[PDB]
Amino acid sequence: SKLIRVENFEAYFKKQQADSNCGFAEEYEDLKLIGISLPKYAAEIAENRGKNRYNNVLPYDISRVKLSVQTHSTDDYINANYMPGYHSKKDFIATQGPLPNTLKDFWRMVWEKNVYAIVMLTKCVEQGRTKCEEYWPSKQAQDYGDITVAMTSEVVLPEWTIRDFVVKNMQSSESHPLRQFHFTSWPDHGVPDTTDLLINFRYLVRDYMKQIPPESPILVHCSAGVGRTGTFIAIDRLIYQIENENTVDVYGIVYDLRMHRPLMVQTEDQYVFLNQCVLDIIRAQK
Ligand SMILES: [Cl-]
C-alpha cells in the first residue's frame, strides 16, 4: 500500500510531513538497506577501483553498464547502472560525473549504449571541489578514444544550459546528435527551494526524448550519480505514473532505483523533495 492515488496524495503528504517529516523519514529509513547486499564485484576489481569517483558508490553487477572489451575484461567497466524508467528497465543510465581517467570510458558508454541525451545535475565544481570533469567539448571537436564529439550549439540560461553535440565514432564513421541538459542551478547544499524548475527541466528533456530512437537510455549524472540523479530519475518516473495512472509510488520507485544502484535519492531531503514534486505536480493540475 505504498501506492497513493493522486486524489489522496495531498492528505498522504500532510500525514507524512507531520512531526518533522516523520512519515517520510520512516519510508526513507525503510529504503536504507535496499539493494546494498547486491554484489559489486566488477566495481571492486583493483583495476576498476580508480574508475570510481567515490569508493562507496559502486555499481551493482546486476545492473551495471558493461562496455566493450578491447584487451582486458575490466575494459567493460564504468561506474554506471541501467536504471528503469516508467517504460523500460533501461530507460536511464545513472552514472557518476566522469573522472579524468574515465572520460574515454564515459564517451564509449555514450556511444555504445546509444545515448542521445545526457542529463547533468551538477556543476563541475561545487564549493571549490571538483564534482565532475568537464567531459564535453566546445565547438572544437575533441577525440575521446574512438569517439569524437563537437559541440554544435549551447544555450545558457541561469537555471540550466543546453548543449548540442554531434557524437561520432571515428572507427565506423557513424554519428548522431547528443543533447546535454546541464542543470546548473541545483543548490550547493540541500535541494532546490522549489520544484517547478527541475520539473520544467525534466519536461525539456522529455520533449527532446520524443525525437530520439528507441532503446536510447537517458544518461543521467551528477557527482556520484545517485542523489540528484536518482531524484531526477524518480521525478521523471513519478510524472509518468501521475499522468498515466493517477497514482504515485515514490517508495516503489526509489526502491527500484536502489535495486539498481546504491544510494539513489541519497538524502532524506531529496526523498521529501520528490514528494514535494508530486504534490506540486498534482496541485498544478488545476
Ligand atoms: Cl530490473
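The numbering scheme counts residues from 1 along every chain following its written sequence, independent of the entry's numbering, with residues that lack coordinates not shown. To obtain the side-chain values, all non-hydrogen atoms of the structure were included, while hydrogens and water were left out. Residues with missing side-chain atoms are left out of burial classes, side-chain pairs and their counts.

Per the deposited record, the coordinates in this entry were obtained by X-ray crystallography to a resolution of 1.841 Å.

A.B. asks: Whenever I open this one, the sheet that holds strand β4 (residues 92-95) confuses me. Can you help?
C.D. replies: Strands pair, by our definition, only if DSSP identifies at least two bridges between them. Only DSSP runs of H or I with at least four residues qualify as helices, and only runs of E with at least two residues qualify as strands; both kinds are numbered from the N terminus onward. Taken together, nine strands build an open sheet; the order of strands is β2-β3-β4-β10-β5-β9-β8-β7-β6 and the sheet is mixed. For this open sheet the edge positions go to β2 (64-66) and β6 (142-144), each flanked by a neighbour on one side alone. The sheet shows a mean angle of 30° between the axes of neighbouring strands, taken without regard to direction. Inspection of the sheet shows β6 paired to strand β7 (residues 147-156) by three bridges, in the antiparallel sense. Within β7, the residue paired with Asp143 across the bridge is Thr148. Of the strands in this sheet, β3 (77-83), β4, β5 (117-120) and β10 (218-221) are in contact with helix α6 (residues 227-245), which crosses β4 at around 160°. Simply put, an axis is a line fit to the C-alpha atoms, just over the touching stretch for a helix, and the angle between two N-to-C directions goes from 0 to 180 degrees. We call two residues in contact whenever any of their non-hydrogen atoms come within 4.5 Å of each other.

A.B. asks: What should I look at first to understand the packing of aromatic side chains in this one?
C.D. replies: We describe a pair of aromatic rings using the distance from one ring centre to the other and the angle between the two ring planes. Two aromatic rings, drawn from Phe, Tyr or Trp (for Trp, its six-membered ring), form a pair once their centres lie within 6.5 Å of each other, and the interplanar angle then sorts them: stacked below 30 degrees, edge-to-face above 60, tilted otherwise. This model, assessed by the stated rule, comprises 21 aromatic pairs. Judged by centre distance (4.4 Å) and plane angle (45°), the ring pair of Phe106 and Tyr135 falls under tilted. In this pair, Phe106 sits in helix α4 (residues 103-112) while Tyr135 sits in the loop between β5 and β6, placing the two residues 29 residues apart along the sequence. The pair formed by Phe106 and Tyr135 is uniform in burial state, with each residue classed as buried. To sort residues, take the accessible area from a 1.4 Å probe on protein chains only and compare it with the maximum for the residue type: under 20% means buried, over 50% means exposed, and anything in between is partly exposed.

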